[PDB]
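The structure under discussion appears below in the form of structure tokens.
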Amino acid sequence: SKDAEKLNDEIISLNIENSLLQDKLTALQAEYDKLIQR
Amino acid sequence: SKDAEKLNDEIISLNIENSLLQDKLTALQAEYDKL
Amino acid sequence: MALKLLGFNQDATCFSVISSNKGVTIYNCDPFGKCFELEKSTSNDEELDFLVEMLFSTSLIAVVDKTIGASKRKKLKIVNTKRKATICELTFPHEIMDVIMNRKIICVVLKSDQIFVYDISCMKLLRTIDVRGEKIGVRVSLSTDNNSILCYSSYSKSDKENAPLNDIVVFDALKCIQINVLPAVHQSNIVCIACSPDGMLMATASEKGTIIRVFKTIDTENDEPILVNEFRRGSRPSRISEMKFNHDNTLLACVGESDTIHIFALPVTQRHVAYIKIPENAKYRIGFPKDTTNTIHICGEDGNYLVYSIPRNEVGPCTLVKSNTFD
Amino acid sequence: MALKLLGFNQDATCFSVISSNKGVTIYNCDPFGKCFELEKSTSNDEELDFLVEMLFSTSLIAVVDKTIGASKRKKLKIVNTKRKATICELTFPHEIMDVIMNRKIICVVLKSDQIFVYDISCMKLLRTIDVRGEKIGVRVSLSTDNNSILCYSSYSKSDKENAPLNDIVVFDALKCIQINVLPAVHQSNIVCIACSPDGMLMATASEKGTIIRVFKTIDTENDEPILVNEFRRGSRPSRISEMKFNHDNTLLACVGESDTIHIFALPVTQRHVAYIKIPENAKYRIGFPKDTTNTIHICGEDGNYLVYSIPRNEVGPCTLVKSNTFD
């Protein structure tokens, strides 16, 4: 089913963007935690 | 059809996670600019 | 100890099981698999993870406590299964007793009978519901589909005469508007509440009467709530733990401290219909999926997961179809 | 100038066109509509955006440079079309020459013949490929489906005798394990490489010979690679630009600095099959979708977008079906 196939593809797109934000979320938090300590 | 209904449900969940992470980025950013 | 504290999914796709050994596993039904496995977060042997409610078949989970008391009452974590990361970590002034979710609304129940209602798209608290602030514990249930409808048990206007009572209140959580207030439906306390997936029906469980009453939820006349039917208790009064409503609202399942699981049919389209035998001093949880109306899924603390069939025109017991074993 | 630099989507759903006026527009084949339009990021008239590869039909895009030199060699942006936002911004020690994606693996090709392999779920670099570090430019191609298979042209063992050579290397990017090294299939350089969507087949294009060789990709015997077939060039040697493989792997399309677009059939289930006439000094790009094997989508720098039909049993030319015009 074509519609089914597009949906599966979007899931991969939405899951990639969220893994990039989570890695950007840990990166930003850590830099904030480092500056505040020092 | 059933699988499609199930798929729409993961999509709705991932957009919540995307709506939730963007709101943690704005929460964090303001705090970083202050200190 | 035994593998206690089972949790059952809204769509009957999968269930939540706290293995007493380590963490919490979530299995699937078709095909059966280890869907998600939480890692070690322990320090002693008999300290248990209590509350897990999930989405339908997604990666979004609501997890509450690990430690007996270190970070239990005031915690709520939102985790993705495929990446094991915590997204939002909410904190609450009291101890969580239950969490129910759907596709639009997340509810959090406190020990102090406070109910927090959230729009799940942004986690904005829609309304704080001071139930004990107005007048065992409060039992809450919620519709699965959209137009999600909230049902909770509230005290009556006899707080002056005595401390504990239980009436029912129907609430639309979508617009935060109270729809219908039901009177004291019972001469005793309310032990468990189940609401239909489409939000049109509602069940009530008494500790003393042990007679399940069904009321119309929303379309019911404003003048008086409409009672639908009543179901025969059996030979002995027994405490009820969890009830569920079929997707076509024709079937009702009931489990508790009894030898048997009862199945009630509905006259929407009497005393008893289908009964499933159960081991005595062992506790079980119910569910049935959307694919068919003849299959009932069964979760057990003994380690066994069973799938029974329902007889449409016979008053006989259920017929076992598929089975598998836990970890 | 002309509307140069066309880019073609894996699934032949849509294409990328750099309008020389402003930014870069992206259209959609059914129904044809302005899917995405990048805004002004310009300062002079003949400075061009070079590299765009996209996902299948999603919102995720890979964009490279805008300026002639300000931020070109060392940039790669990952943007959502629906919110116009940049997510991750990677930096590379050399100038990008090509970018290919699939559902699991993103490859980035550098001018210094380095190939960067990323797991797309988390953007971790899997392996750095020093092709020029071992021994025109390197031509790389990639499978569309999962079990994505990477194919690149590598130099031979005659670097002492002379500076430039081209053999082929088959690489499994999924496990980062080299599968098969093909010898010098050509006495000349390799101009363009196309790999099949299921990853089982591969074509090779020479500059002097202009004779396409097709090799088995993975299932080919370890002792020696298996050559499938060869195709007649025509009346005149011509440089080849882009080739594509049909979804059932029965058809191969070839386009270049020639008057015509050639269609090759495959013997998996000879010299020439279906030919599409093309205007001479104007450049075109190929594609065909997954719904049918008789439709070939055609992208043109003249402003015209064409859809041709394929004659299964006739050596006649292709038949035009649908057409539309650019902006």
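Each chain in the structure tokens gets a letter, A, B and so on, in the order shown; residues start at 1 in every chain, and ligands are counted from 1 in the order they appear.
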Practice task
Compile the residues of chain B that lie within 8 Å of chain A, evaluated using only C-alpha atoms, and express the compilation as a ChimeraX atom specification.
Solution key: /B:3-4,7-8,10-11,14-15,17-18,21-22,24-25,28,32,35
Practice task
Write down, as a list in words, each residue of chain B that has any atom within 7 Å of an atom of chain C, counting only C-alpha atoms.
Solution key: residues 9, 10, 13, 16, 19, 20 and 21 of chain B
Using the selection just defined, write its residues with N, CA and C atoms as a short mmCIF file (atom, residue, chain, number, x, y, z; two decimals), in the first residue's frame.
```cif
data_model
loop_
_atom_site.label_atom_id
_atom_site.label_comp_id
_atom_site.auth_asym_id
_atom_site.auth_seq_id
_atom_site.Cartn_x
_atom_site.Cartn_y
_atom_site.Cartn_z
N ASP B 9 -0.73 6.11 14.93
CA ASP B 9 -0.54 6.27 16.34
C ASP B 9 0.94 6.47 16.65
N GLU B 10 1.87 5.82 15.94
CA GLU B 10 3.25 6.13 16.33
C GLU B 10 3.62 7.56 15.93
N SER B 13 2.62 10.02 18.45
CA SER B 13 3.55 9.94 19.58
C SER B 13 4.87 10.63 19.30
N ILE B 16 4.65 14.37 19.51
CA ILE B 16 4.62 14.85 20.89
C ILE B 16 6.05 14.93 21.40
N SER B 19 7.42 17.90 19.91
CA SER B 19 6.89 19.08 20.60
C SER B 19 7.39 19.25 22.01
N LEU B 20 7.71 18.15 22.70
CA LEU B 20 8.32 18.19 24.01
C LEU B 20 9.82 18.54 24.02
N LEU B 21 10.61 18.08 23.03
CA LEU B 21 12.03 18.41 23.03
C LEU B 21 12.28 19.88 22.70
#
```
Practice task
Write out as a ChimeraX atom specification the residues lying within 10 Å of residue 222 in chain C, counting only C-alpha atoms and excluding same-chain residues fewer than 5 positions away.
Solution key: /C:179-181
Practice task
Would you kindly return, as a ChimeraX atom specification, each protein, DNA or RNA residue with an atom no farther than 8 Å from any atom of residue 147 in chain C, considering only C-alpha atoms and excluding same-chain residues fewer than 2 positions away?
Solution key: /C:143,145,149,172,174,198-199
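Nearest residue to residue 24 in chain C among C:130, C:327, C:116, C:72 is C:327, counting only C-alpha atoms.
Using only C-alpha atoms, the nearest neighbour of chain A within the list C:315, C:184, C:85, C:274 is C:85.
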Exercise for the section: Would you mind reading off the distance between CA of residue 113 in chain D and CA of residue 213 in chain D, one decimal, in Å? Expected result: 23.1 Å
Practice task
For residue 151 in chain C, please output as a count of residues only all residues within 7 Å (counting only C-alpha atoms; exclusion window: fewer than 2 positions along the same chain).
Solution key: 7
Practice task
Select, from C:20, C:188, C:82, C:65, the residue with the minimum atom-to-atom distance to chain D, counting only C-alpha atoms.
Solution key: C:82
Fill in the blank from the handout: The distance between CA of residue 110 in chain C and CA of residue 98 in chain C is 7.3 Å
Problem - DSSP-assigned strand (DSSP E) among range 145-209 of chain C, expressed as an MDAnalysis selection string - result: chainID C and resid 149:154 167:172 177:182 190:195 201:206
Write the residues you've just listed into a file as a CSV table (one decimal), in the first residue's frame, and include N, CA and C atoms for each of them.
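Heads up, here's the output in part_36.csv:
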```csv
chain,number,residue,atom,x,y,z
C,149,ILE,N,-13.0,11.1,27.8
C,149,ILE,CA,-13.9,11.5,28.8
C,149,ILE,C,-13.5,10.9,30.2
C,150,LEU,N,-13.4,11.8,31.2
C,150,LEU,CA,-12.9,11.4,32.5
C,150,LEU,C,-14.0,11.0,33.5
C,151,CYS,N,-13.8,9.9,34.2
C,151,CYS,CA,-14.7,9.5,35.3
C,151,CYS,C,-14.0,9.3,36.6
C,152,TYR,N,-14.5,9.9,37.7
C,152,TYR,CA,-13.9,9.8,39.0
C,152,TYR,C,-15.0,9.6,40.0
C,153,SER,N,-14.6,9.0,41.1
C,153,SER,CA,-15.5,8.8,42.3
C,153,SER,C,-15.4,9.9,43.3
C,154,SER,N,-16.5,10.6,43.6
C,154,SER,CA,-16.4,11.7,44.6
C,154,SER,C,-17.3,11.5,45.8
C,167,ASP,N,-19.9,8.7,45.4
C,167,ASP,CA,-20.7,8.9,44.2
C,167,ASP,C,-19.8,9.0,43.0
C,168,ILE,N,-20.4,9.2,41.8
C,168,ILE,CA,-19.7,9.3,40.6
C,168,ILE,C,-19.9,10.6,39.9
C,169,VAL,N,-18.8,11.2,39.3
C,169,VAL,CA,-18.9,12.4,38.5
C,169,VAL,C,-18.3,12.2,37.1
C,170,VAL,N,-19.1,12.5,36.0
C,170,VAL,CA,-18.7,12.4,34.7
C,170,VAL,C,-18.1,13.8,34.2
C,171,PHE,N,-16.8,13.8,33.7
C,171,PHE,CA,-16.1,15.0,33.3
C,171,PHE,C,-15.6,14.9,31.9
C,172,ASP,N,-15.8,15.9,31.1
C,172,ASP,CA,-15.1,16.0,29.8
C,172,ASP,C,-13.8,16.7,30.0
C,177,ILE,N,-15.0,20.5,31.1
C,177,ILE,CA,-16.3,20.8,31.5
C,177,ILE,C,-17.0,19.6,32.2
C,178,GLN,N,-17.5,19.8,33.4
C,178,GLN,CA,-18.2,18.7,34.1
C,178,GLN,C,-19.5,18.5,33.4
C,179,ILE,N,-19.7,17.2,33.0
C,179,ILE,CA,-20.9,16.8,32.2
C,179,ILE,C,-22.1,16.4,33.1
C,180,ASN,N,-21.9,15.3,33.9
C,180,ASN,CA,-23.0,14.8,34.7
C,180,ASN,C,-22.4,14.3,36.1
C,181,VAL,N,-23.2,14.6,37.1
C,181,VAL,CA,-22.9,14.2,38.4
C,181,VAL,C,-23.9,13.0,38.8
C,182,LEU,N,-23.4,11.9,39.1
C,182,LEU,CA,-24.2,10.8,39.5
C,182,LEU,C,-24.3,10.8,41.0
C,190,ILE,N,-16.3,2.7,46.7
C,190,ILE,CA,-16.1,2.3,45.3
C,190,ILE,C,-14.7,1.7,45.1
C,191,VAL,N,-14.6,0.5,44.6
C,191,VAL,CA,-13.3,-0.2,44.6
C,191,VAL,C,-12.6,-0.1,43.2
C,192,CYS,N,-13.4,-0.2,42.1
C,192,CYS,CA,-12.8,0.0,40.8
C,192,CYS,C,-13.8,0.5,39.8
C,193,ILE,N,-13.3,1.4,38.9
C,193,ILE,CA,-14.2,2.0,37.9
C,193,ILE,C,-13.6,1.8,36.5
C,194,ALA,N,-14.5,1.4,35.5
C,194,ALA,CA,-14.1,1.2,34.1
C,194,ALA,C,-15.0,2.0,33.2
C,195,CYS,N,-14.4,2.8,32.2
C,195,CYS,CA,-15.2,3.5,31.2
C,195,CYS,C,-14.9,3.0,29.8
C,201,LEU,N,-20.1,4.6,28.0
C,201,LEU,CA,-20.6,3.7,29.1
C,201,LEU,C,-19.6,3.7,30.3
C,202,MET,N,-20.1,3.2,31.4
C,202,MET,CA,-19.3,3.3,32.6
C,202,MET,C,-19.7,2.2,33.6
C,203,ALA,N,-18.7,1.6,34.3
C,203,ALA,CA,-19.1,0.6,35.3
C,203,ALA,C,-18.6,1.0,36.7
C,204,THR,N,-19.2,0.4,37.7
C,204,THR,CA,-19.0,0.7,39.1
C,204,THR,C,-18.9,-0.5,39.9
C,205,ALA,N,-18.0,-0.5,40.9
C,205,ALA,CA,-17.8,-1.7,41.7
C,205,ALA,C,-17.9,-1.3,43.2
C,206,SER,N,-18.7,-2.0,43.9
C,206,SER,CA,-18.9,-1.8,45.4
C,206,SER,C,-18.0,-2.8,46.2
```
Practice task
Quick one: pull the distance between CA of residue 77 in chain C and CA of residue 89 in chain C, Å, one decimal.
Solution key: 4.7 Å
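Once residue 52 in chain C and its same-chain neighbours fewer than 5 positions away are set aside, residues 7, 16, 61, 62, 63, 64 and 99 of chain C remain within 8 Å of it when counting only C-alpha atoms.
Residues in contact with residue 29 in chain C at 9 Å, where only C-alpha atoms are counted and same-chain residues fewer than 5 positions away are skipped, are listed as residues 12, 13, 14, 15 and 297 of chain C.
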Include N, CA, C and O atoms and write out the residues we just selected as an mmCIF file, in the first residue's frame.
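What follows is the written file again20.cif:
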```cif
data_model
loop_
_atom_site.group_PDB
_atom_site.id
_atom_site.type_symbol
_atom_site.label_atom_id
_atom_site.label_comp_id
_atom_site.auth_asym_id
_atom_site.auth_seq_id
_atom_site.Cartn_x
_atom_site.Cartn_y
_atom_site.Cartn_z
ATOM 1 N N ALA C 12 -4.914 -3.547 24.086
ATOM 2 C CA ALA C 12 -4.649 -4.971 24.305
ATOM 3 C C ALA C 12 -3.508 -5.483 23.419
ATOM 4 O O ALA C 12 -3.398 -6.681 23.167
ATOM 5 N N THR C 13 -2.649 -4.575 22.943
ATOM 6 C CA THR C 13 -1.492 -4.965 22.137
ATOM 7 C C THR C 13 -0.417 -5.640 22.966
ATOM 8 O O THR C 13 0.183 -6.635 22.534
ATOM 9 N N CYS C 14 -0.145 -5.088 24.142
ATOM 10 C CA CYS C 14 0.943 -5.534 24.996
ATOM 11 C C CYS C 14 0.628 -5.224 26.450
ATOM 12 O O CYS C 14 -0.375 -4.583 26.757
ATOM 13 N N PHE C 15 1.432 -5.785 27.355
ATOM 14 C CA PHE C 15 1.189 -5.565 28.775
ATOM 15 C C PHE C 15 2.493 -5.179 29.454
ATOM 16 O O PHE C 15 3.592 -5.397 28.927
ATOM 17 N N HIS C 297 -7.722 -11.454 25.879
ATOM 18 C CA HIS C 297 -6.355 -11.642 26.327
ATOM 19 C C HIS C 297 -6.301 -11.643 27.851
ATOM 20 O O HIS C 297 -7.085 -10.959 28.518
#
```
